[PDB]
Every structure is written in structure tokens, then in C-alpha cells.
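Values below: every heavy atom of this structure, side chains too, minus hydrogens, waters and symmetry copies. Proteins get letters first, then strands, A, B, ... in listed order; numbering begins at 1 in each.
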Amino acid sequence: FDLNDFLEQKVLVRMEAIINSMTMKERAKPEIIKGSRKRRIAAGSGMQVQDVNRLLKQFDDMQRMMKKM
RNA sequence: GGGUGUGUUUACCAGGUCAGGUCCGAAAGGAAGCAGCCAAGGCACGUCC
């Protein structure tokens, strides 16, 4: 379960714009998304890292449930 | 090394465009700009000087 899927599924159109600023590699291996990328992704989707760093948290809570059942 | 062809590769660090999103503006409208793509470069191979 990568970001690509997590995308399928107001505050929504912004949680998407934040993914639309990533690269295919990222949308697959979110881990590699450390500091510098996090940055690029914020400013690209017009956000604050807190936003990007936020979504990643969501993909995680989400990843977990998924990689559980 | 140069021209050119092909395959492969390349998050951002003043190339072009820029979905999406952001910015400024009461508005009309401006502004920067990620991903993509194009371009460019890297690695090879073919070919020409």
C-alpha cells in the first residue's frame, strides 16, 4: 500500500495537491521522503512542512491499518 | 572532443511549459511555481568530422 492508492481515497483537495507535488519514486517509497524533499513538496503545493509532514502521518496511520488486516 | 542516431538514467540547488495547490488583489487581474511533459545533463553503443 503506497501513496498512489492512498490518493484514490475542502480539506481533501489540499491533501491531494500535496501528493501531486511528489515524484513517482516518492509516491512509492515515502520513507525516502526526508527533510529536503518534504520541503520541496510543501512549497510546490503551496504549504508548510507541517502540512506535508502531516499527510505523511495520515498515510502512516492508514498504512498501518492496511498492513494489518 | 564536436555533429548526429539509439537505448538507459536524473526530487529540489536562477532551462521552457506548468495539471494540481499556493500567493497578492474588493475586483479586474497579477506573482512565484512542485509533479508531468519537453528540453538539458549523466552512462553507454552506432555513425560522421
Side-chain angles (χ1 to χ4, degrees), chain A residues 1-9 15-53 55-62 64-66 68-69:
Chain A
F1 187 79
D2 77 356
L3 289 170
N4 282 295
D5 334 291
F6 185 85
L7 179 53
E8 292 298 308
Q9 40 177 291
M15 184 181 95
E16 286 175 348
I18 267 166
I19 295 181
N20 291 323
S21 288
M22 312 190 131
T23 63
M24 245 317 269
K25 295 195 169 201
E26 306 183 319
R27 291 187 190 50
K29 299 181 82 290
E31 52 274 59
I32 63 183
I33 312 177
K34 306 283 292 184
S36 186
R37 290 177 186 297
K38 253 156 197 163
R39 273 200 286 168
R40 190 201 73 245
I41 289 167
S45 59
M47 310 261 69
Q48 272 49 59
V49 176
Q50 193 177 303
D51 293 293
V52 184
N53 205 325
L55 167 285
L56 297 159
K57 189 68 196 75
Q58 288 196 294
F59 166 75
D60 189 57
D61 306 325
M62 161 55 75
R64 304 180 177 300
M65 298 183 262
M66 286 298 281
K68 197 79 190 196
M69 51 186 271

Margin query: Please name the nucleotide paired to B:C12 by Watson-Crick or G-U wobble geometry with both distances under 3.5 Å, or report none.
Written below: none
Note to self: How many whole angstroms separate atom CD of A:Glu16 from atom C1' of B:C34?
What the structure shows: 16 Å
Notebook entry, point to check: What is the distance, rounded to the nearest whole Å, between atom CD1 of A:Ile41 and atom P of B:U22?
Noted result: 17 Å
Check: Taking A:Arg37 for the side chain and A:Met22 for the main chain, is one N or O donor matched with an acceptor at less than 3.5 Å?
Finding: no
Table of protein N/O atoms under 3.5 Å from nucleotides 15-18 of chain B N/O atoms:
none

Next item on the list: Calculate, to the nearest 0.5 Å, the distance between atoms CZ and CG belonging to A:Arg39 and A:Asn53 respectively.
Entry: 13.5 Å
Notebook entry, point to check: Taking atom P in both B:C24 and B:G42, what distance in whole Å separates the two?
Noted result: 41 Å
Next item on the list: Could you let me know what B:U6 is paired to, Watson-Crick or G-U wobble, both distances under 3.5 Å, or none if it's on its own?
Entry: B:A44
Check: Between atom CE in A:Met24 and atom P in B:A19, what is the gap in whole Å?
Finding: 22 Å
Next item on the list: Report the distance from atom CD1 of A:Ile18 to atom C1' of B:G33, rounded to the nearest whole Å.
Entry: 15 Å
Item checked: Span that lies between the P atom of B:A31 and that of B:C12, in whole angstrom -> 24 Å
Check: How about A:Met47 and A:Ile41: do any of their side-chain heavy atoms sit closer than 4.5 Å?
Finding: no
Notebook entry, point to check: Would B:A19 and B:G20 count as a stacked step, six-ring centres under 5.5 angstrom and planes under 30 degrees apart?
Noted result: yes
Notebook entry, point to check: What distance do A:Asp2 atom CG and A:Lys29 atom NZ have between them, rounded to the nearest 0.5 Å?
Noted result: 11.5 Å
Check: With a 4.5 Å limit on heavy-atom distance, are the side chains of A:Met65 and A:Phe1 in contact?
Finding: no
Next item on the list: Take atom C1' in B:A11 and the same atom in B:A26, then report the distance between them in whole Å.
Entry: 40 Å
Item checked: Counter-base of B:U17, judged by Watson-Crick or G-U geometry with both distances under 3.5 Å -> B:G36
Next item on the list: Take the protein atom CE of A:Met15 and the nucleotide atom P of B:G21, then report the distance between them rounded to whole Å.
Entry: 14 Å
Notebook entry, point to check: Base, sugar-phosphate, or nothing: which does A:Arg27 touch, judged by heavy atoms less than 4.0 Å apart?
Noted result: sugar-phosphate
Note to self: What is the separation between atom CE on A:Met47 and atom P on B:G21, rounded to the nearest whole Å?
What the structure shows: 11 Å
Item checked: Spacing of the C1' atoms in B:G16 and B:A40 (rounded, Å) -> 11 Å
Margin query: Taking only the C1' atom of each, what is the distance from B:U10 to B:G15 in whole angstrom?
Written below: 15 Å
Note to self: For a 4.5 angstrom cut-off between non-hydrogen side-chain atoms, does A:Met66 reach A:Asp5?
What the structure shows: no
Check: Starting at CG of A:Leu7 and ending at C1' of B:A35, how long is that distance when rounded to a whole Å?
Finding: 12 Å
Checklist line | Base partner of B:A28, which must satisfy Watson-Crick or wobble distances under 3.5 Å | finding: none
Check: For atom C1', what is the distance between B:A19 and B:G33, given to the nearest Å?
Finding: 12 Å
Notebook entry, point to check: Roughly how far apart, to the nearest Å, are B:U6 and B:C18 at atom P?
Noted result: 28 Å
Are there any protein N/O atoms within less than 3.5 Å of an N/O atom in nucleotides 9-11 of chain B, and if so, which ones and at what distance?
residue	atom	partner	partner atom	Å
B:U10	OP1	A:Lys25	NZ	2.7
B:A11	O2'	A:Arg40	NH1	3.4
B:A11	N9	A:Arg37	NH1	2.8
B:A11	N7	A:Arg37	NH1	3.4
B:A11	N7	A:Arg37	NH2	3.4
B:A11	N1	A:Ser36	OG	2.6
B:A11	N3	A:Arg40	NH1	2.7

Item checked: Spacing of A:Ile32 atom CD1 and A:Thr23 atom OG1 [to the nearest 0.5 Å] -> 6.0 Å
Next item on the list: With P as the reference atom in both, quote the distance from B:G3 to B:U17 in angstrom, rounded to an integer.
Entry: 25 Å
Notebook entry, point to check: Short question: side chain of A:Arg27, backbone of A:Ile19 - any donor-acceptor pair under 3.5 Å?
Noted result: yes
Checklist line | Distance, rounded to the nearest Å, where A:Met22 contributes CE and B:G33 contributes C1' | finding: 17 Å
Item checked: Between NZ on residue A:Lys38 and CG on residue A:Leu56, distance to nearest 0.5 Å -> 5.5 Å
